[PDB]
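The next block holds one structure in the form of structure tokens; read it before the comments.
The first residue in the sequence is number 1, and the count goes up from there. Atoms within each ligand, like the ligands themselves, are counted from 1 in listed order.
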Amino acid sequence: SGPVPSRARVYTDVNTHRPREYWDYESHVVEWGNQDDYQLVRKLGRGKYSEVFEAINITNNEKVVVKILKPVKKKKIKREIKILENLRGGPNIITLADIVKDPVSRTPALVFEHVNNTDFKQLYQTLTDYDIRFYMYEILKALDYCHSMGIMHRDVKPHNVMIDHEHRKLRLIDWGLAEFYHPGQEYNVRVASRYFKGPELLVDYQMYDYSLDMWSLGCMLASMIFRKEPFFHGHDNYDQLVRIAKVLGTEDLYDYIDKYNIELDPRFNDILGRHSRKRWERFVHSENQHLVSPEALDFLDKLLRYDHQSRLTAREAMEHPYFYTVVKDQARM
Ligand SMILES: Brc1cc2nn[nH]c2c(Br)c1Br
Ligand SMILES: [Cl-]
Ligand SMILES: [Cl-]
Ligand code: NA
């Protein structure tokens, strides 16, 4: 028999109850603006693949960010646009300001509200305990919002979190891999960066949901409180599951495989071996012990589960004791 079907524990049917138009991005009609309303100032450093620029809107002299959409399926362009329009105004979600094409090249581009190109990866190995809790809570606001709106991000990693540390402001960026959640849909498992990939992606379980983002968030939290970048340091996608198995143990992995009747790639046969579930105390040392608390470990443990159904939801995570002081200071402020 095939794999056992799965449903999201929360926000399962939100797209079903919407008008077709909300999620049917292939039928979305874009009104393409004129990229000549903008002048590019400078290229932001986003590595070899990406083309993101600081720009000026000539009309109002306001600073924007312009993302040139590298040759790709028009379908993927409409998906990212529709998701950004749907989430516009959500907490800690980047704001889409315009959709334009260069008059000559006809290359499509997205224009965003300005944010400084200071990503979380540049800051997140130097935070106080309180600031890890604070920024984690701000990321959860964005994830509970997009999940509540029927969308999973699928590329949650420090490079996709822009922070203004002076103003204590955070934005979740790069919605290019985001997808609408539909119950029973089988998704592409070739998403997310290696170190942040959930076990569902690594064992090719396609009927995944919002809980994929909660695994990625757990990987970020583990990296920050233990000062270990990345936390799960695989050579490749096969070794990535081995690195997870040496921490979470093989017993819970094989129970997960049996529960969903997953056909494990034969390449895993010799490399997973047999591993105990390790106590988190094993990762604590003199240079990270100020970031590690019972509250932090209890919270992390509830994010990093093989079984996607078992992981905290974004809202359950926001309700964890780890955030009590952040919640109290927010109400007071
Ligand atoms: Br604003 C902003 C929005 C983005 N969407 N994808 N990548 C993005 C980057 Br880099 C920035 Br900065
Ligand atoms: Cl990253
Ligand atoms: Cl142990
Ligand atoms: Na401690």
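In this pair, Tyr137 and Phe323 present their aromatic rings tilted. The plane angle is within the 30 to 60° band. Below 30°, between 30° and 60°, or above 60°: for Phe283 and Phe226 the angle between ring planes is between 30° and 60°, a tilted geometry. Relative orientation of the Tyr256 and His308 rings is perpendicular, given thresholds of 30° and 60° on the angle between their planes. In this pair, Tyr260 and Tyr205 present their aromatic rings tilted. The plane angle is within the 30 to 60° band. Ring geometry, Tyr210 versus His147: the interplanar angle falls from 30° to 60°, so the pair is classed tilted.
The tally of protein N/O/S atoms under 3.0 Å from the Na ion (ligand 4) stands at 2.
With a 6.0 Å cutoff to the six-membered ring centre and a 45° limit on the axis angle, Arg7 does not count as a cation-pi contact of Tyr181.
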